[PDB]
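In what follows, every chain begins at residue 1, and chains take the letters A, B, ... in the order their sequences are listed. Computation of the quantities below employed the complete heavy-atom set of this structure, encompassing side-chain atoms and omitting hydrogens, waters and symmetry-equivalent molecules.
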2 protein chains.
Amino acid sequence: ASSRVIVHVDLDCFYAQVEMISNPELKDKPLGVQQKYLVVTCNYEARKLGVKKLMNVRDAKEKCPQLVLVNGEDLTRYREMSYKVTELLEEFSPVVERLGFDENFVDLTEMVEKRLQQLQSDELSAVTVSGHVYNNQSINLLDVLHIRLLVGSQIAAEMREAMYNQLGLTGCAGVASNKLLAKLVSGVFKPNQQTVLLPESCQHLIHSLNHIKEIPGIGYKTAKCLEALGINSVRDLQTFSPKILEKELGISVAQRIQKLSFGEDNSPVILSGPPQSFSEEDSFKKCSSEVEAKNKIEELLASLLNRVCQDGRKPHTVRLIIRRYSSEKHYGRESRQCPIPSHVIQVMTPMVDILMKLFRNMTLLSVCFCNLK
Amino acid sequence: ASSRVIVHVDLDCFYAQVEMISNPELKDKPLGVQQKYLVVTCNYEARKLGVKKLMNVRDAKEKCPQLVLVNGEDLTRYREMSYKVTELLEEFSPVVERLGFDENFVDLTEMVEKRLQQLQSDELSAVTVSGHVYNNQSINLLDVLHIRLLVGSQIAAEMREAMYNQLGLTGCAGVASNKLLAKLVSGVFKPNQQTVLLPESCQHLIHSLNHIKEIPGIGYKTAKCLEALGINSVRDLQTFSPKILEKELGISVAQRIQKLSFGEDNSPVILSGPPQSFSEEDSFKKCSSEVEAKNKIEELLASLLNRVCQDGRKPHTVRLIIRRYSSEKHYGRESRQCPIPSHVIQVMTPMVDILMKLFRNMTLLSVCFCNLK
DNA sequence: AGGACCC
DNA sequence: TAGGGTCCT
DNA sequence: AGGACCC
DNA sequence: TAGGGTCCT
Ligand SMILES: Cc1cn([C@H]2C[C@H](O)[C@@H](COP(=O)(O)OP(=O)(O)OP(=O)(O)O)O2)c(=O)[nH]c1=O
Ligand SMILES: Cc1cn([C@H]2C[C@H](O)[C@@H](COP(=O)(O)OP(=O)(O)OP(=O)(O)O)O2)c(=O)[nH]c1=O
Ligand SMILES: [Mg+2]
Ligand SMILES: [Mg+2]
Ligand SMILES: [Mg+2]
Ligand SMILES: [Mg+2]
C-alpha cells in the first residue's frame, strides 16, 4: 500500500467545446465564450491570434476583431456535460475526484495491478507507452514503476478515446505518481494529448515552473507572503528554512507547501460524488438600488428550485451573498446562512420571504442551497 | 410516520453515585464531589442539608460542616460508566443520543408499536402505567396515544431496572412525545423515579416553568436578550411577535425557540455513536508564567495519548485552548487548530513540539484531539 | 476560530 | 464557576 | 461567517 | 475579473 498510479484528466477549452458542439458552424472560427465583460475561455483557433483565457472583451476584440462570442453566463449545459464526463470515468474506477467542471482525478492504482496480474511473464517485455513521455526520458522495462506508469498511460488513452466516442469531447491526461505531479504534467502537451511522468524526471518537472504560484495549493495570498520573504523560485521554497516558514504561515500551510515544492504530495484521490451545494449568482456594477433588488433574488430562485429538485436530495440550509461598491477591496463577500424549515423541504412564496429577512440582517448577488441529504 | 414515543434517561447525582459505589463507606453520609473550588454535585443526603449543585466549597462547608469531599477532576471512571449506560440502552433500541455524561434519549417509537402488535385485542384493556403520570392526569385506555405512552413507560421501567441490576446505577426517566417534553418531564419526580406525560398536560408542564432559561435550547445569552425585550414568562414568549423576534435573534434562533415555548419540538433522536473528540483540561488562576507552562501541556498529552488510543480511531487534528487574567470577561477562550501529520498518526516527542508552535501563534490550558476516523 | 448551547 | 462535549456560522 | 484555494 | 464549487478555522 505504498506507490500509486494517478491520472489527471483535463478537457480542452471546455465551455468553447460545448458551444462548438451545439453550433457546428462555430468550429474552425475563432471562438470565445463571454460572461459579462470577460472572455472566460476561447477555442484553439482563437488562441493562435493572441486571445488568452480570462481576457476582457475589449482586449479580445482589439487583439482579434475577427472574433465570435457567445454568452456562457448560464452554466446548465456545461454542468451537464461535466457530470457525464465524471460518470464515464467512474465506470473505469469508481473513485473519481472532481476539480472545477472539467478536471477529474482517478486513482488507477488497483486497475493497473489487475492488468499486470493478467499478463503472463513475457508480453510484459512489449509494454509500451501511450502518448508522450515527459522530458523525453527513456524507459526501463525492468523498472516496475515505469511499467505501472506505462500501463497507467494506456488506461488514460482508453479513457480519452471513450470520452471522445461517447461524449464527443477532447482533452489531455497526465499520469504520475501523485495528484500534484499528474496535474502538473497533464498540461505539458497542450491541445488533445497525454503525457506520463517517470520518477526520474520529477525534479525537472517541478523546476520547469517559473513562479511558486504555479504550484497547485499555493494561491494569490500565500504567494504574496512567500515573496515578502524572498522566496520566488520553486528552489527558494525548497531550501527555505522550515522553522521560519513554519512560523509565518502556520505549521499546516507550511509543512505542506514545502512538501509540494519537492513534488511530494500524499493526499489521496477522494470520491466527489454528488455535489455539496448548488448556487446561482449574478453580477451588475452597483446596479442594486437596495430592495428594488429582491426581484433579482426571485430569479436565482426560480432556477435553483428546479435544479435542486432534479438531483432528488433536498438542501437543509439556504444562504445569501453580496458585495459593495469602491476602491478595489474586491476580496469582500458577506453572507447569512439559515436552516430551511422542515415544512418547505417538500414552494417559492415562503422561500422568498426567508432570504429576504436574511437580506435585512445585511456590486453583486447570489443564492446557495447547501447541506444536501 | 407522525407521533413518537421518546424516553429521556437522567441519572441521579451521577459523579457522586460513581464515588459511592467505589467507596461504600461514603453512602448515607452527605457527599460532595469537588473540582477545584467547586462542589460540582452532591448526593441526596447532602442536598437535605442545603448543599446545591455547583456551589463553591466555602458555602458548602458553612452550609454543611459535616461534609465529605472527594476529588472529581479526573473524569475517567465517570466516562467509563457513562458509556456502559449508553451501551446498555443501545441494546433496547439502537438509536440513542447522549447529552452530557448522564443523559440519554431513546426513540422508543418502533419498539412500542412492536409490543402493541403482539398484544391480542383484549389484554390491551389491562395496559397499565409504570411510574407517575404527570399532573396526576387520568388515563383513557381508548386513546391510542395514552396507550403507546404507557407502553413507553414500561420500556422505561425495564431500562431503569436493567441499569440497576447490571451497572448498579439509579436514575430518572421521562416518557413524552418529543425530546423537549421527555426531558422536561423526567425531572418532576426527582430522586429515583419516572414520569410520563399525556398530551393533554403539555401546556401545564410548559407553564409550570418559571423562567424561559429553563427551556432546553434557550441559554445564558438568548435569555438575557429575550428579557431586554420584556419576554420573561413562557407565555410572554408564546405570545411575543414573530416578526420582532424573527428580526432580532434571526429567523433560526427565533422560529425555533418560539416552537419550544409551546412544547413543540420536531428534532429527531440522533445516534451519538463514538465520540467526535477527546480532550483534557486544567485550571489554575493566573498560574501560567508564559512557557514555564509547556510542562502543563506535556501532562494533558500523556493522558490523552493513552485514551485516544484505546478507542482505535485516530484523530486527524489537534487543538490548544487558553484564557487570560482580568475583570470578568470570563466568556473568552482562544484556540489554534492544526492537522496532525500522517506520520505521527501511528510518539509524544514530536506532538509536543506541534502544540508548542501552536502555543506561540498565541488562567487556564487544554488540549483537544478532534476529527476521529 | 469563535459562538452558543448542554451536562 | 469544573471539566467535558456537540453543532453552527 | 469568513478565508483560502481551484476551475 | 465570470460563475461556480470545496474544505478549514
Ligand atoms: C479558471 C477558470 C475557468 N473557468 C471556466 C472556463 C473553462 O472553460 C472551464 C475550465 O477551466 P480551464 O480548464 O482552466 O480552462 P479551459 O479548459 O477552458 O482551457 P484549456 O484547454 O487550456 O484547459 O471553466 C472559469 O469560468 N473561470 C475561471 O477562473
Ligand atoms: C451541569 C453540570 C454537570 N456536571 C457533572 C456533574 C454531574 O454529576 C453530572 C451530571 O449533571 P446533572 O445531571 O445536571 O447533575 P446530577 O446528575 O449530578 O444531579 P441530578 O440527580 O439532579 O440529576 O455532570 C458538571 O461537571 N458541570 C456542570 O455544569
Ligand atoms: Mg484546467
Ligand atoms: Mg481544461
Ligand atoms: Mg441532568
Ligand atoms: Mg443527572
Nearest of F:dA2, C:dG2, F:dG3 to any side-chain atom of A:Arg323?
F:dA2
Rounded to whole Å, the CZ-P distance (B:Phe278 to D:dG5) equals 8 Å
Could you tell me the separation between the CZ atom of B:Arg256 and the P atom of C:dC5, rounded to a whole number of Å?
9 Å
Check the distance between D:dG4's P and B:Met81's CE and give it to me in whole angstrom.
17 Å
Does a side-chain N or O of A:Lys224 approach OP1 or OP2 of E:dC5 to a distance below 4.0 Å, or not?
no
Of all residues at least two apart in sequence or in a different chain, which pass the side-chain hydrogen bond (donor to acceptor under 3.5 Å, both in side chains) check with A:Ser186?
A:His8
F:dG3, OP1 or OP2 - any side-chain N/O from A:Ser283 closer than 4.0 Å?
yes
Taking F:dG3, C:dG2, D:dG3 as options, the one with an atom nearest any side-chain atom of B:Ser335 is C:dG2
B:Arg307, nearest nucleotide to its side chain (from D:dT1, F:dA2, D:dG5)
D:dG5
Quick check, are the ring centers of A:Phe369 and A:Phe278 under 6.0 angstrom apart?
no
Nearest-Å distance, CG (A:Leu99) to P (E:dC6)?
9 Å
Can you tell me which nucleotide in F:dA2, C:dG2, D:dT1 comes closest to the side chain of B:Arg336?
C:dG2
Kindly point out which of D:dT1, E:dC5, D:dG3 is positioned nearest to the side chain of A:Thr222?
E:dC5
Two-distance pair test C:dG2 F:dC8, Watson-Crick or wobble, each under 3.5 Å
no
Checking C:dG2, D:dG3, F:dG4 against the side chain of B:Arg319 (C-beta onward), the nearest is C:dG2
Identify whether C:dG3 and F:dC7 are a Watson-Crick or G-U wobble pair (both distances under 3.5 Å).
no
Please check the phosphate of E:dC5 (OP1 and OP2 only) for any side-chain N or O of A:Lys183 closer than 4.0 Å.
no
Scan A:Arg79 against the nucleic acid and name what it touches under 4.0 Å (heavy atoms): base, sugar-phosphate only, or nothing.
sugar-phosphate
Taking the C1' atom of each, how far is F:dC8 from C:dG2, in whole Å?
14 Å
Figure out the CZ/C1' separation between B:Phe14 and D:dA2, and round it to whole Å.
16 Å
Kindly indicate whether a cation-pi arrangement holds for A:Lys183 with A:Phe105, taking the cut-offs as under 6.0 Å to the six-membered ring centre and within 45° of the axis.
no
Which nucleotide wins on minimum distance to the side chain of A:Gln276, given the candidates F:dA2, F:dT6, D:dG5?
F:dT6
Per atom distances to the B:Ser277 side chain, the nearest of D:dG5, F:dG3, D:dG3 is D:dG5
Please report the shortest heavy-atom distance between A:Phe101 and A:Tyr15, naming the atom on each side.
CD2-OH, 4.4 Å
In whole angstroms, the gap separating P of F:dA2 from CD of A:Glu281 amounts to 8 Å
Keeping the roles fixed (side chain from B:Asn178, backbone from B:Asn266), state whether a donor-acceptor pair exists under 3.5 Å.
no
Return the nearest nucleotide to the side chain of B:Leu38; candidates are D:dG4, F:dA2, D:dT1.
D:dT1
Mind checking side chain to side chain contact (heavy atoms under 4.5 Å, CB included) for A:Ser279 and listing every partner two or more places apart, or none if nothing turns up?
A:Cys368
Separation of atom CD in B:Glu299 from atom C1' in D:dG3, rounded to whole Å:
15 Å
Over how many whole Å does the gap from B:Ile270 atom CD1 to D:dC8 atom P extend?
10 Å
Looking only at the side chain of A:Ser279 (C-beta and beyond, no hydrogens), which of the listed nucleotides F:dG4, E:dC6, F:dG3 gets closest?
F:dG4
